[PDB]
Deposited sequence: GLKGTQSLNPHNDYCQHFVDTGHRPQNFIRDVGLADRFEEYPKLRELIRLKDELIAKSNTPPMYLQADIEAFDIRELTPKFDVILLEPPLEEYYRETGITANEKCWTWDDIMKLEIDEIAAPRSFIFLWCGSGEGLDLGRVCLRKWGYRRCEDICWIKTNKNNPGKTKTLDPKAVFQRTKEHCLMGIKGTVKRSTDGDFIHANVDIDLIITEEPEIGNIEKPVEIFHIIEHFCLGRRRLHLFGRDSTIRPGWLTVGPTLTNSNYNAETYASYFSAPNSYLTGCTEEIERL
């Protein structure tokens, strides 16, 4: 069966036909810091105020292509991500499906990372069986590039395509990230009220409330908790 010919005939995307840990999720849940969040207009904001340096950064800039305040790759590339990343550190960059697959790799290298994974969000259209001018094909997926600096899951997320105007990314990305046990200082840039999550510091322009305090935030990682992976037991007090 040729699902490409089938899509041409019926409009059902080939991915429509793909047929589809607990204790670990509990340890992650235990070591999670309380959710912390800050309203900040990232274009005008000195990201150096975001301390301490982060073990993981999830970067979800609102691209023009998501809508059919947008951020161009010009804007994104000028962010000083290397100033807030820990010496050993990870990034996850939502790059969309167009020029971002190239410009996002430029960003990663500009900030000192090398790509180790290319995670593809594959969008099924089982419920509703229009292209950018240079596009050769119908674009049915987005890419989240994983980068590393310093010294269970698969690189695919399959969900139904969200409603038009809904720019949310699949929450499965947080599960992949947290399952790597990369450290407990996790920053989500351009997060929203709807993405705030325990274990994460969310910073973005549309947040309606803030609770971030740099000293309070740093107190979560003071000794004996400075190096925890976020997948181990809490260190006992008293």
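- What the model leaves out of the deposited chain are the segments 1-11, 32-47, 96-103, 165-168, 191-203.
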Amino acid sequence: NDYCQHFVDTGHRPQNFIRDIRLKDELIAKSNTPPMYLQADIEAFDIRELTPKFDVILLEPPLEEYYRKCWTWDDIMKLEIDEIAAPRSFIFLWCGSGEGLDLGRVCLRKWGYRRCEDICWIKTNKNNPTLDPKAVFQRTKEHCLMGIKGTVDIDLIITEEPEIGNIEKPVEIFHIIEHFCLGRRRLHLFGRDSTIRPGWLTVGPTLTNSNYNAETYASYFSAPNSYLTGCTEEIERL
From here on, numbers count along this sequence of modelled residues.
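- In none of the other PDB entries of this protein that model the residues around it does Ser89 lack coordinates, well short of a third.
- In every other compared PDB entry of this protein that covers both flanking sides, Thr159 is modelled, so it falls short of the one-third threshold for missing coordinates.
- Comparing 28-36 with 54-62, the stretch with the higher mean C-alpha B-factor in the PDB entry is 28-36.
- Set 152-160 against 93-101 and average the Cα temperature factors; 152-160 ends up higher.
- In the PDB entry, the Cα temperature factor peaks, among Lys169, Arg68, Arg185, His175, at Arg68.
- Residue set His179, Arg197, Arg48, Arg192: peak C-alpha B-factor at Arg48 (per PDB entry).
- Among the modelled residues of the chain, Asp132 sits in the highest third by CA temperature factor in this PDB entry.
- In the PDB entry, a CA B factor belonging to the lowest third of its chain's modelled residues is recorded for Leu201.
- Among the modelled residues of the chain, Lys141 sits in the lowest third by CA temperature factor in this PDB entry.
- In the PDB entry, a CA B factor belonging to the middle third of its chain's modelled residues is recorded for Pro87.
- Placement of the Cα temperature factor of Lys126 within the chain: highest third of the modelled residues, per the deposited record.
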